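One structure below.
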Amino acid sequence: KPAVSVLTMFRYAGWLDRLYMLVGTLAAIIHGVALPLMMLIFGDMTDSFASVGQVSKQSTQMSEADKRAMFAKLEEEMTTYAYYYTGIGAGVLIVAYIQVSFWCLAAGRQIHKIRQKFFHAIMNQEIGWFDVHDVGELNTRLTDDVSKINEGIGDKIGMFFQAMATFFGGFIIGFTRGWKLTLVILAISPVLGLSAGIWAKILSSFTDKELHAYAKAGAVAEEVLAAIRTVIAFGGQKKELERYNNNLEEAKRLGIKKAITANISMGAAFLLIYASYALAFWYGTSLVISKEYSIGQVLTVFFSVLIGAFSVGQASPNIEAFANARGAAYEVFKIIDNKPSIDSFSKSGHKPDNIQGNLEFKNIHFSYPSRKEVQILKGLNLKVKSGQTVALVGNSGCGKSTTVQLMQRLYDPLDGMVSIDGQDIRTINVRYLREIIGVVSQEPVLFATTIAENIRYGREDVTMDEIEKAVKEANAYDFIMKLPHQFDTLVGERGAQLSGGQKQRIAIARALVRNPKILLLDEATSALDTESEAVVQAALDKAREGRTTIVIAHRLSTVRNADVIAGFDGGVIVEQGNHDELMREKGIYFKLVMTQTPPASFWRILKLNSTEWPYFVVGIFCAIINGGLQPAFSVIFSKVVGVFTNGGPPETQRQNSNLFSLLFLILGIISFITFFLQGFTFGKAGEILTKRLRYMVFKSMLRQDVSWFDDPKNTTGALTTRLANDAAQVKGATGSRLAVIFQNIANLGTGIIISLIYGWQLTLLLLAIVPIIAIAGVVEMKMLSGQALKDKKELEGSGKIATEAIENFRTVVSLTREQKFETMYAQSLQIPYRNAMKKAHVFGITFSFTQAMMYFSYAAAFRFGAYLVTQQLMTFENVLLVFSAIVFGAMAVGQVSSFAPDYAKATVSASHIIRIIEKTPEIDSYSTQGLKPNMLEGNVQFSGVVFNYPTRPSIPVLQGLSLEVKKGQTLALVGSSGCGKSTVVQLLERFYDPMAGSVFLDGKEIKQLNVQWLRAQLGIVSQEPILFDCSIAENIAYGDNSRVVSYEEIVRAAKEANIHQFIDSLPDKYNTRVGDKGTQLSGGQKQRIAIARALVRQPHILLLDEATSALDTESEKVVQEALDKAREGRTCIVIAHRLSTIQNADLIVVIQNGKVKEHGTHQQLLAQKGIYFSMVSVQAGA
Ligand SMILES: Brc1ccc(Oc2c(Br)cc(Br)cc2Br)c(Br)c1
């Protein structure tokens, strides 16, 4: 919404930039006017053949005389028009270079200025300015918004004025050469602007419907793929597939309905657009039979008006480009023009010499740019004598640090003054102020250069002698000499990451070259290892005694040797003096001392598409028809002008033009009959394979074992995204692009035969001409993208040192040296600048030479056309036919290069979608093999089980584990921490097979058992029960699949789980919907339902994985009261973290390091005094 004044945006154009834009936009208007003149001459060449085509047919008496006066008219006329044509092509050769080169010159020159000025302004902002903005957004604003300005002040403006020139020049030649046809072509323009306006309404309303259609199927997939371990546990893998398949049937029906309506929209749109042209050209013939216009003039205005009418649309993007460039220049010029109060670039203020360093803070009230919400200093008083070292202490608030901020004049105080020596800090130059103040902060930062360069950021003029003395005087010399490369080592966020106390000493040496008169030490010793602390503290004490120092820390070890100590309480200075005196004061200071003591040939995706052997052949056949049917419209146009230039007797003409105009309206309805079929057939054929793909993909996804969904590469979001993209892309590869790529090769294929057989070698010329200008247009775009990628590579090096500059900026401004980054960034930009000058000459040459090859080509179209072919018996009516046939057959192949990324984008989406079907798991739930034993009672054997999770094969969770539980017994399971408690349940569910050892149930190894049958006698109940969006009756009936569960049977389970209080209390009862979509209810109810569905199954084994994890108050008392009833009649394994409820367990087992450590009944393990005795004592006391 905000924009910029049109002059202020070009504020950096002067002298030459103003001239380049003028000569550029001048030649840009010359370039535009050339094309309607190029069509003006096309009309005069018609009358030349027309004055001869009418007299050649008017004879029927003399033949050698028609070889004289006729051919003489031609060679004087044709060579006159051919001379003009070659001149127009030489004209656009020059002006197109002048056009694009100059504007890209003016843009390149300005954008170089924008950048330097804009980064300059970023570094000139006071710290209170950054405290309210994001440096991340600002940096991205620096590289993106400057790019948008370049796009709007570049060759796009020259293009804008080229288009308006064709618009004006088109309707000038339109109006002047005839005021009737123009008003007629403008009358059908509302119809053309109304037919394309139906597409802005159908697309935007149906692209939502499809995004609302699959959103109903993707919602099923997401609660499934998020609750996958619950559907795997209960084996709903057939239902959740079926339910996803039931939503795929509706999206197919809504996709075929969209395919019906959208293809009706295109065909009727073209047929209205092509009828609107017909009537404008038929009614152009109706005015030549009346002898008002010539057959040549009808062509001139008809083209010049349509050319001029369509230049309106070819300019609208450049308007938007210039407009986006204005609005983007707002927030950028806003920074450049914003003048600060502090500067730090200002060359003003006093530079006191012989600074003794007597500092005082008087009545300083202050607040950070959070402003009225918080006031951190409620007045202040604090001197510090020269040479002394004051120490600031405080419990919280850190108004301690605030005095360091103010002393650097980072912010000015709200009320009061900070006085270095006798002068207010605000009289002294801000730069000289920060040069006479060294700073050592809590987090040290070193810039991505050498040690000598980081030390050189203290002073730019320095010799390794003084670097050596500085690092040696901050005892930081002994420890870099051992480090290789000596002073030439690297530092940064990338490479050679050093110790904290090591990084601080380089900062002290950096501040030591500064030889400052003032010293500010904020938190420098805090947050650092204890041993290297003393090494740095030795340097801090050696960095003082020659200076006056204010120090802030929480280490009460560095404060004793301070001459004076200051304490705060609510921003108020409260307690000051020497160490011994504050201890006698027994106040705030004393109170704190005691406290601290792969692209490839994928044929099979088409082989799966071969499920529909028809539907394609219906479309292909129907597309080649429409392909062959499309040059015939040019053949009709050739003969509507042909027989009416080759007329002779004018009486038979009016009756044939009526017959031709009737044919084309029959030929367009049969084109709309054949266009609708080629779209509907692929539309239906593409939507039905989208079901087959998404069906087969979602199937093989439920096939994979838990080992695959734990992969951080495959999350629930990344799987539905992989589910929707890969199936939509392959539809596009086999969809519209294929119908169009076969329509167009039939378009040229049928047009190449018609033209070839009329004009002998006439067509053989254009086939030496057209493929060259098409290749020349493609190599231009390859050079376009090459210059684009190369410039991105070398401006990000500039923005990389800008990134380092602006998000490490509160440090650099403390060090001054903004002029450093100022110059580095300037040297960084000098390469893309001198590059952008070549870009102007490159773009200008390529564009001018793809434009010249269009007019020189069309100069050669009439070079054969006349002279060598017209001195022969071959006719004019065929030269017009070959021009329209070949050039339009060529521009139809120009659609092949546009649909190229649609093929590759799908093959890569196909690359992943064929792999995801064929990938087989270690533990496939689908295998029907397995024992399916007959005996009911259930035991459980773990025997020497070692197992690590495949995601993290580092820390073992189970190693040498061995358990056993009898039927009807409760096996408690206590663990120090981790999933060692929980991994047991996962292995009994055979989520994974163990690495070593084995797990048995009824005496049989589950690893040889049926995977699905095993999970069928297991009553899993987790700590967060997930319930799908459907009836609670179904959430409860979900526990027993392969059979619909009776109402009174899911009632009996709801009776067991003690959830039946709600299940009658709700208005819908069992038919109520849960899933945070229909109704919401707390976890205690969610949980009981999970218990309900757990024992619908009537398992022989319950599995209670910390079932009282997230639960409170009476809700825990009622859930355990249900769990305790659900067991005792079944084999039970409970790992619940409530050891109170675990007392009445038939066997408790303590897990230690994966090994079983301590087992026995409660009082047994309680008689022993060890881990279980401590596990129970720690929770009972606390
Ligand atoms: Br009759 C008649 C035939 C083609 C005409 O222009 C064309 C041409 Br030329 C090519 C195609 Br494809 C469609 C149309 Br509409 C006109 Br205007 C009138």
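Start at 1 and count along the chain as shown; that gives each residue its number.
Method reported for this entry: X-ray crystallography, 4.0 Å.
Just so it is clear, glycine is given a Cβ too, placed from its N, Cα and C backbone atoms.
The membrane topology recorded in Swiss-Prot keeps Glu222 and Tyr825 together on one side. Within the listed segments 298-319, 430-451, 518-539, Swiss-Prot records transmembrane segment for the stretch 298-319. In the three-state DSSP assignment, the secondary structure recorded for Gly980 (ATP 2 binding site) is helix. In sequence order, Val957, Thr983, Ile1151 are the same-chain residues whose CB sits within 8 A of the CB centroid of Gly975, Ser976, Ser977, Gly978, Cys979, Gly980, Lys981, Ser982, the residues recorded for ATP 2 being left out. Note: the CA-CA distance between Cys398 (ATP 1 binding site) and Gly975 (ATP 2 binding site) rounds to 43 Å.
Here the CA atom of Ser977 (ATP 2 binding site) lies 42 Å from the CA atom of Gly399 (ATP 1 binding site). Ranked by CA distance from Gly978 (ATP 2 binding site), the binding-site residues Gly394, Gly397, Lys400 have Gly397 at the top as the closest. Spatially close to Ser976 (ATP 2 binding site) yet at least six residues away along the chain are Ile1151, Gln1152, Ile1171, judged by Cβ distances under 8 angstroms. Same-chain neighbours of the topological domain 'Extracellular' (284-297): 42-47, 50, 177-178, 180-181, 640-641, 644-645, 650, 653-654, 657, 661, counting only residues six or more beyond its ends whose CB sits under 8 Å from a CB of the stretch.
Around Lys400 (ATP 1 binding site), taking its Cβ as the centre, 22 other Cβ atoms fall within 10 Å, counting all chains. Reported as a whole number, the C-alpha separation between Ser396 (ATP 1 binding site) and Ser977 (ATP 2 binding site) equals 36 Å.
All protein chains shown were included, and the count of other CB atoms within 10 Å of the CB of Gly980 (ATP 2 binding site) stands at 22.
For the topological domain 'Cytoplasmic' (105-153), DSSP puts the residue distribution at 42 helix, 0 strand, 7 coil. Neighbours of the ATP 1 site: apart from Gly394, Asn395, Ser396, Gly397, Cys398, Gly399, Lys400, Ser401, residues of the same chain with C-beta atoms within 8 angstroms of the site's C-beta centroid are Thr402, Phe568.
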